[PDB]
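Asks: Could you have a look at this structure, given as structure tokens, before my questions?
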Amino acid sequence: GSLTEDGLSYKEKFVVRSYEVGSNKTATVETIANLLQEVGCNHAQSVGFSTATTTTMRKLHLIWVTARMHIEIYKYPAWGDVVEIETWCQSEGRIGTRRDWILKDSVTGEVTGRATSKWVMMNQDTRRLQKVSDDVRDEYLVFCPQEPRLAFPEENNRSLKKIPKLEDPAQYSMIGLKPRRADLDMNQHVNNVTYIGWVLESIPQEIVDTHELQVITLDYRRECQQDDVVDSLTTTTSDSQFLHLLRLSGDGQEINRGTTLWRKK
Amino acid sequence: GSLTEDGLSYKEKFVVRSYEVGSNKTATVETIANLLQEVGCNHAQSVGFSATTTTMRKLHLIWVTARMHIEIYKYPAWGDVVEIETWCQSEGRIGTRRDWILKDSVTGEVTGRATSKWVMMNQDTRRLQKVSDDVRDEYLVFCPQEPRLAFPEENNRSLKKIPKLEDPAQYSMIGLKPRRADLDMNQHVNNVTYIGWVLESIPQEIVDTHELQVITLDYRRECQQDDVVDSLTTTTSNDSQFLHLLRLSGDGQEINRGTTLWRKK
Ligand SMILES: CS(=O)(=O)NCCc1ccc(F)cc1
Ligand SMILES: CS(=O)(=O)NCCc1ccc(F)cc1
């Protein structure tokens, strides 16, 4: 992978692997999410960030955390195919940062998917949200386009929709979900792609066998610890739409909420 | 990736990804196992296979893993290039063996090696059978005729008989269930999931202070999508040895058994 001519965005080509595909021999939505994560890490590596916290973020125990992740896929890359992903960042004033992705077929050059994520500042010890100071902004703005560049431009689009809380009783459920060591990242925290998988575990197998995931919007409220147990809840709201909710199996503490949209194969 | 000059082996280079590493910022033993699987699939793709030969498809026969043995000296770091070479060999009428050599792409030194024993089996009834002559001729033209062993040594650990773990186990991880990410393209549980499940009963203190040097896994039964697994471990031993056993949470039906060897960091 490499930064573009202007150094204000990064591109990388990936060859879809055998174990990265589902029953239809195309990459899963979790393989795609992992690829988005990898190109994002490589973009921060290429612009100076060590093994993406700035200088002011290190002195003050501050980290970027995901608050929302929205993905729209038109075509899932087949096993053995090359997918090209372009990623960039933009300041959202004092609220935080946004990271966008464009997925293209390396052969045809056509856009096959797009994603957007909203990140907020947070103390890594107390977990208190806070806001992007002023000294922090100057350190990362030199790597962002100043003019807006939105993967989801549309006025009144799916990525900025308010998601309600799933009302009990849920239509479907997957209980007793626990992260293993493969679900953890290098910092021993549950990887954000695991939550996508957990949300999709309560979708019935018949829906998965006859439909394809077109859109998925996930809101992150709290982190699931290594020793926490999760319940995954789904209710049809409708193409098929679903409302989702992940909560701790014990006290019922909310960790995630979202929506999915599926299309007949 | 590409076949060697003689067309009797295949090589492929991989760049270790961000989400593929553990707490030490080096690839996990499951990332390595997935890479071995990917280069094996690409080797079969490059030599004509659309795993199954013309006679195997006529008879509804498939290759299944009976044993997997991996020995790692160095785990590739995040961002590093690992080069893996793989080949196959006929084991008379017992079945086939697939071997792997892992090298550092910069230094050229061997950093790991693996060996697997595959047996012939009816896809439908699940009954094992010897390799017939007509099947042998179809795949022999892609194997070296002279032996080429990744583990040559006279009394080596890859051919050791593994005993059954006696109850009560020293350690345990109960209620393990595969999710959709744990399934392959044919909706069967991927063999790397069993490695992860075996390692779930190893205490976190052992994982934090030691590195996995050797792992030998014997496959007795396939775990279904709706099956629940219990993972059992007992210390058998500067170095630490463990005896492992995976069994169905209900009836206690054996699905896997193995051993691991760890070294102080
Ligand atoms: C939360 S993030 O969007 O992943 N990173 C914000 C800081 C950054 C800004 C521009 C970069 F080229 C790399 C990192
Ligand atoms: C993957 S295997 O079950 O270990 N071997 C099957 C036969 C084969 C032999 C040589 C090849 F180049 C590819 C496949």
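Scheme for the structure tokens: letters A, B, ... for chains in order shown; per-chain residue numbers from 1; ligand numbers from 1 in order shown.
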Check every residue of chain A for an atom within 8 Å of chain B, counting only C-alpha atoms, and provide those that qualify as a PyMOL selection string.

Replies: chain A and resi 17-19+21-25+30+34+37-38+41+180-182+184-188+197+201

Asks: Mind writing the picked residues with C-alpha atoms as a CSV table (one decimal), in the first residue's frame?

Replies:
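The resulting file, result.csv, is shown below:
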chain,number,residue,atom,x,y,z
A,17,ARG,CA,-8.2,-15.6,0.9
A,18,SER,CA,-9.8,-19.1,1.1
A,19,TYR,CA,-10.7,-18.9,4.8
A,21,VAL,CA,-15.1,-16.3,2.4
A,22,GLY,CA,-18.6,-17.6,3.3
A,23,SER,CA,-20.9,-20.2,1.6
A,24,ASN,CA,-21.3,-18.1,-1.6
A,25,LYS,CA,-17.5,-18.0,-2.0
A,30,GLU,CA,-16.2,-9.4,8.9
A,34,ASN,CA,-10.9,-6.4,9.1
A,37,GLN,CA,-9.1,-1.9,9.9
A,38,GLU,CA,-5.8,-3.0,8.3
A,41,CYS,CA,-3.6,1.1,10.5
A,180,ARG,CA,-11.8,-16.2,22.8
A,181,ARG,CA,-8.1,-15.1,22.5
A,182,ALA,CA,-8.5,-14.8,18.6
A,184,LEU,CA,-8.7,-9.9,21.1
A,185,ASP,CA,-6.4,-7.4,19.5
A,186,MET,CA,-2.6,-6.8,20.3
A,187,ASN,CA,-3.7,-4.7,23.4
A,188,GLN,CA,-5.9,-7.5,24.8
A,197,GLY,CA,-20.2,-11.1,14.1
A,201,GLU,CA,-25.4,-14.4,15.2

Asks: Could you name the residues that touch residue 68 (chain B) at 7 Å or less, counting only C-alpha atoms, but leaving out those on the same chain fewer than 4 positions away, as a PyMOL selection string?

Replies: chain B and resi 115-117+216-218

Asks: What's around residue 220 (chain B) at 8 Å? Count only C-alpha atoms, leave out sequence neighbours fewer than 5 positions away in its own chain, and write the answer as a PyMOL selection string.

Replies: chain B and resi 66+254-257

Asks: Write a file of the just-selected residues containing N, CA, C and O atoms, as a compact mmCIF listing (two decimals), in the first residue's frame.

Replies:
# COMPACT_ATOMS: atom_id res chain seq x y z
N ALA B 66 -6.30 -35.63 9.75
CA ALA B 66 -6.26 -36.58 10.87
C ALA B 66 -5.27 -36.06 11.91
O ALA B 66 -5.49 -36.25 13.10
N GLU B 254 -15.47 -37.51 22.38
CA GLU B 254 -14.18 -36.94 21.98
C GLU B 254 -14.14 -36.42 20.55
O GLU B 254 -14.51 -37.14 19.62
N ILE B 255 -13.66 -35.18 20.37
CA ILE B 255 -13.51 -34.62 19.04
C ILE B 255 -12.04 -34.35 18.72
O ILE B 255 -11.66 -34.45 17.55
N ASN B 256 -11.22 -34.02 19.73
CA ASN B 256 -9.80 -33.74 19.56
C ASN B 256 -8.99 -34.10 20.79
O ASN B 256 -9.51 -34.09 21.90
N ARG B 257 -7.71 -34.38 20.59
CA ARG B 257 -6.72 -34.63 21.63
C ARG B 257 -5.35 -34.13 21.12
O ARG B 257 -5.10 -34.12 19.91

Asks: For region 161-174 of chain A, please output as a PyMOL selection string all residues within 7 Å (counting only C-alpha atoms; exclusion window: fewer than 5 positions along the same chain).

Replies: chain A and resi 201-203+231-235+243-245+257-258

Asks: Using backbone DSSP assignments, extract all strand (DSSP E) residues from region 142-203 of chain B; output them as a PDB file with C-alpha atoms, in the first residue's frame.

Replies:
ATOM      1  CA  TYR B 171      -7.800 -26.542  33.680  1.00  0.00           C
ATOM      2  CA  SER B 172     -11.005 -26.070  31.587  1.00  0.00           C
ATOM      3  CA  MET B 173     -12.945 -23.778  29.235  1.00  0.00           C
ATOM      4  CA  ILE B 174     -16.654 -24.826  29.139  1.00  0.00           C
ATOM      5  CA  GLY B 175     -19.483 -23.888  26.698  1.00  0.00           C
ATOM      6  CA  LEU B 176     -17.429 -23.119  23.556  1.00  0.00           C
TER       7      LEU B 176
END

Asks: Set the cut-off to 7 Å, count only C-alpha atoms and all ligand atoms, and list whatever residues fall near ligand 2 as a PDB file with N, CA, C and O atoms, in the first residue's frame.

Replies:
ATOM      1  N   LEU B   8       6.985 -29.139  -8.386  1.00  0.00           N
ATOM      2  CA  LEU B   8       6.736 -30.122  -7.336  1.00  0.00           C
ATOM      3  C   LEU B   8       6.576 -29.524  -5.928  1.00  0.00           C
ATOM      4  O   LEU B   8       6.481 -30.281  -4.965  1.00  0.00           O
ATOM      5  N   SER B   9       6.490 -28.186  -5.819  1.00  0.00           N
ATOM      6  CA  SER B   9       6.234 -27.451  -4.574  1.00  0.00           C
ATOM      7  C   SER B   9       5.768 -26.000  -4.883  1.00  0.00           C
ATOM      8  O   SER B   9       5.866 -25.554  -6.033  1.00  0.00           O
ATOM      9  N   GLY B  40      -1.694 -23.840   0.993  1.00  0.00           N
ATOM     10  CA  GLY B  40      -2.105 -25.179   0.578  1.00  0.00           C
ATOM     11  C   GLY B  40      -3.212 -25.136  -0.465  1.00  0.00           C
ATOM     12  O   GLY B  40      -3.176 -25.899  -1.437  1.00  0.00           O
ATOM     13  N   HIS B  43      -1.690 -23.852  -3.747  1.00  0.00           N
ATOM     14  CA  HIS B  43      -0.881 -24.887  -4.376  1.00  0.00           C
ATOM     15  C   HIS B  43      -1.805 -25.852  -5.172  1.00  0.00           C
ATOM     16  O   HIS B  43      -1.472 -26.202  -6.299  1.00  0.00           O
ATOM     17  N   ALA B  44      -2.968 -26.238  -4.615  1.00  0.00           N
ATOM     18  CA  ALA B  44      -3.921 -27.120  -5.312  1.00  0.00           C
ATOM     19  C   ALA B  44      -4.584 -26.402  -6.497  1.00  0.00           C
ATOM     20  O   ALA B  44      -4.819 -27.008  -7.532  1.00  0.00           O
ATOM     21  N   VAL B  47      -2.119 -26.281  -9.537  1.00  0.00           N
ATOM     22  CA  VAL B  47      -1.840 -27.557 -10.199  1.00  0.00           C
ATOM     23  C   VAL B  47      -3.090 -28.208 -10.820  1.00  0.00           C
ATOM     24  O   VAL B  47      -3.062 -29.401 -11.116  1.00  0.00           O
ATOM     25  N   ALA B  51      -8.385 -29.815  -4.216  1.00  0.00           N
ATOM     26  CA  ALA B  51      -8.383 -30.927  -3.276  1.00  0.00           C
ATOM     27  C   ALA B  51      -8.854 -32.273  -3.879  1.00  0.00           C
ATOM     28  O   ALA B  51      -8.113 -33.255  -3.795  1.00  0.00           O
ATOM     29  N   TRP B  63     -10.523 -35.296   1.125  1.00  0.00           N
ATOM     30  CA  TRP B  63      -9.362 -35.397   1.989  1.00  0.00           C
ATOM     31  C   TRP B  63      -9.728 -34.744   3.313  1.00  0.00           C
ATOM     32  O   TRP B  63     -10.265 -33.634   3.319  1.00  0.00           O
ATOM     33  N   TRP B  87       4.450 -28.637   0.023  1.00  0.00           N
ATOM     34  CA  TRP B  87       4.473 -29.755  -0.928  1.00  0.00           C
ATOM     35  C   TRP B  87       3.692 -30.954  -0.361  1.00  0.00           C
ATOM     36  O   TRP B  87       3.339 -30.960   0.815  1.00  0.00           O
ATOM     37  N   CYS B  88       3.422 -31.967  -1.190  1.00  0.00           N
ATOM     38  CA  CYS B  88       2.708 -33.154  -0.743  1.00  0.00           C
ATOM     39  C   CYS B  88       3.485 -34.416  -1.048  1.00  0.00           C
ATOM     40  O   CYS B  88       4.347 -34.423  -1.917  1.00  0.00           O
ATOM     41  N   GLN B  89       3.155 -35.495  -0.351  1.00  0.00           N
ATOM     42  CA  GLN B  89       3.779 -36.775  -0.588  1.00  0.00           C
ATOM     43  C   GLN B  89       2.812 -37.920  -0.301  1.00  0.00           C
ATOM     44  O   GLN B  89       2.017 -37.848   0.632  1.00  0.00           O
ATOM     45  N   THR B  96      -2.282 -39.119   2.447  1.00  0.00           N
ATOM     46  CA  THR B  96      -1.282 -38.139   2.035  1.00  0.00           C
ATOM     47  C   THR B  96      -0.725 -37.345   3.217  1.00  0.00           C
ATOM     48  O   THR B  96      -1.342 -37.265   4.269  1.00  0.00           O
ATOM     49  N   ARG B  97       0.442 -36.751   3.031  1.00  0.00           N
ATOM     50  CA  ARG B  97       1.060 -35.895   4.011  1.00  0.00           C
ATOM     51  C   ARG B  97       1.306 -34.544   3.329  1.00  0.00           C
ATOM     52  O   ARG B  97       1.697 -34.521   2.159  1.00  0.00           O
ATOM     53  N   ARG B  98       1.062 -33.418   4.030  1.00  0.00           N
ATOM     54  CA  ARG B  98       1.398 -32.104   3.469  1.00  0.00           C
ATOM     55  C   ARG B  98       2.367 -31.412   4.411  1.00  0.00           C
ATOM     56  O   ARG B  98       2.091 -31.344   5.608  1.00  0.00           O
ATOM     57  N   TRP B 118      -3.326 -36.441   6.125  1.00  0.00           N
ATOM     58  CA  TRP B 118      -4.689 -36.457   5.609  1.00  0.00           C
ATOM     59  C   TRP B 118      -5.115 -37.853   5.217  1.00  0.00           C
ATOM     60  O   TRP B 118      -4.321 -38.601   4.657  1.00  0.00           O
ATOM     61  N   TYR B 139      -2.837 -37.777  -8.455  1.00  0.00           N
ATOM     62  CA  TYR B 139      -2.154 -36.746  -7.676  1.00  0.00           C
ATOM     63  C   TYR B 139      -0.637 -36.952  -7.553  1.00  0.00           C
ATOM     64  O   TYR B 139       0.058 -36.029  -7.132  1.00  0.00           O
ATOM     65  N   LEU B 140      -0.119 -38.136  -7.913  1.00  0.00           N
ATOM     66  CA  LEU B 140       1.313 -38.410  -7.797  1.00  0.00           C
ATOM     67  C   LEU B 140       2.184 -37.566  -8.702  1.00  0.00           C
ATOM     68  O   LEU B 140       3.324 -37.275  -8.357  1.00  0.00           O
ATOM     69  N   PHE B 142       2.134 -34.551  -9.111  1.00  0.00           N
ATOM     70  CA  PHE B 142       2.355 -33.253  -8.459  1.00  0.00           C
ATOM     71  C   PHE B 142       3.172 -33.372  -7.161  1.00  0.00           C
ATOM     72  O   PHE B 142       3.309 -32.379  -6.448  1.00  0.00           O
ATOM     73  N   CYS B 143       3.668 -34.580  -6.829  1.00  0.00           N
ATOM     74  CA  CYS B 143       4.422 -34.862  -5.617  1.00  0.00           C
ATOM     75  C   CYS B 143       5.850 -35.268  -5.964  1.00  0.00           C
ATOM     76  O   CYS B 143       6.049 -35.969  -6.956  1.00  0.00           O
TER      77      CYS B 143
END

Asks: Would you give me, as a ChimeraX atom specification, the residues in region 14-206 of chain B that DSSP reads as helix (DSSP H, G or I)?

Replies: /B:18-20,29-46,54-59,133-140,157-159,180-182,191-199,204-206

Asks: Find the residues near ligand 1. Use a cut-off of 7 Å, count only C-alpha atoms and all ligand atoms, and write them as a ChimeraX atom specification.

Replies: /A:8-9,40,43-44,47,52,64-65,88-89,97-99,119,140-141,143-144

Asks: With only C-alpha atoms as the basis for distance, which of B:249, B:90, B:234, B:213 is at the shortest distance from residue 145 (chain B)?

Replies: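 Checking each candidate against residue 145 (chain B), we get B:90 as the closest.
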
Asks: Grab the CA of residue 130 (chain B) to CA of residue 92 (chain B) distance for me, in Å with one decimal place.

Replies: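 Distance reported for this atom pair: 9.0 Å.
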
Asks: Give me the residues within 9 Å of residue 76 (chain A) as a compact mmCIF listing (two decimals) with N, CA and C atoms, in the first residue's frame, counting only C-alpha atoms and dropping any in the same chain fewer than 5 places off.

Replies:
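Here's the written file around.txt:
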# COMPACT_ATOMS: atom_id res chain seq x y z
N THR A 26 -17.63 -15.60 -1.50
CA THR A 26 -17.32 -14.17 -1.50
C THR A 26 -16.95 -13.77 -0.06
N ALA A 27 -16.12 -12.72 0.10
CA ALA A 27 -15.68 -12.28 1.42
C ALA A 27 -16.84 -11.97 2.35
N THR A 28 -16.72 -12.36 3.62
CA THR A 28 -17.75 -12.05 4.60
C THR A 28 -17.70 -10.57 4.98
N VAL A 29 -18.76 -10.05 5.60
CA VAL A 29 -18.78 -8.65 6.04
C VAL A 29 -17.72 -8.39 7.14
N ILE A 32 -14.28 -7.99 5.31
CA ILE A 32 -14.26 -6.63 4.80
C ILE A 32 -13.92 -5.66 5.93
N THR A 112 -17.40 -1.02 -5.35
CA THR A 112 -18.15 -2.19 -4.90
C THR A 112 -18.62 -2.08 -3.42
N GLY A 113 -18.20 -1.03 -2.74
CA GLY A 113 -18.57 -0.81 -1.35
C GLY A 113 -18.02 0.48 -0.81

Asks: Please report the interatomic distance between CA of residue 110 (chain B) and CA of residue 74 (chain B) in Å with one decimal.

Replies: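 Interatomic distance, CA of residue 110 (chain B) to CA of residue 74 (chain B): 8.7 Å.
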
Asks: Hey, which of A:106, A:191, A:217, A:225 ends up closest to residue 80 (chain A)? Count only C-alpha atoms.

Replies: A:106

Asks: For residue 95 (chain B), find every residue with an atom within 6 Å (counting only C-alpha atoms), except residues of its own chain fewer than 4 positions away, and show them as a list in words.

Replies: residues 91, 118, 119 and 131 of chain B

Asks: How would the residues just picked look written out with N, CA, C and O atoms as a PDB file, in the first residue's frame?

Replies:
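File written: selection-v4.pdb
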ATOM      1  N   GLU B  91       1.665 -41.430   1.068  1.00  0.00           N
ATOM      2  CA  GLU B  91       2.047 -42.280   2.176  1.00  0.00           C
ATOM      3  C   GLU B  91       1.488 -43.670   1.898  1.00  0.00           C
ATOM      4  O   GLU B  91       0.820 -44.246   2.745  1.00  0.00           O
ATOM      5  N   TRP B 118      -3.326 -36.441   6.125  1.00  0.00           N
ATOM      6  CA  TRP B 118      -4.689 -36.457   5.609  1.00  0.00           C
ATOM      7  C   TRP B 118      -5.115 -37.853   5.217  1.00  0.00           C
ATOM      8  O   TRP B 118      -4.321 -38.601   4.657  1.00  0.00           O
ATOM      9  N   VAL B 119      -6.383 -38.194   5.474  1.00  0.00           N
ATOM     10  CA  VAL B 119      -6.940 -39.502   5.126  1.00  0.00           C
ATOM     11  C   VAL B 119      -8.137 -39.357   4.179  1.00  0.00           C
ATOM     12  O   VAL B 119      -8.789 -38.314   4.145  1.00  0.00           O
ATOM     13  N   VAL B 131      -6.405 -45.222  -0.007  1.00  0.00           N
ATOM     14  CA  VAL B 131      -6.251 -44.564  -1.291  1.00  0.00           C
ATOM     15  C   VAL B 131      -6.158 -45.617  -2.403  1.00  0.00           C
ATOM     16  O   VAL B 131      -5.217 -46.408  -2.421  1.00  0.00           O
TER      17      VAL B 131
END

Asks: Which is closer to residue 1 (chain B) than all the others in B:77, B:84, B:229, B:62, using only C-alpha atoms?

Replies: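 Checking each candidate against residue 1 (chain B), we get B:84 as the closest.
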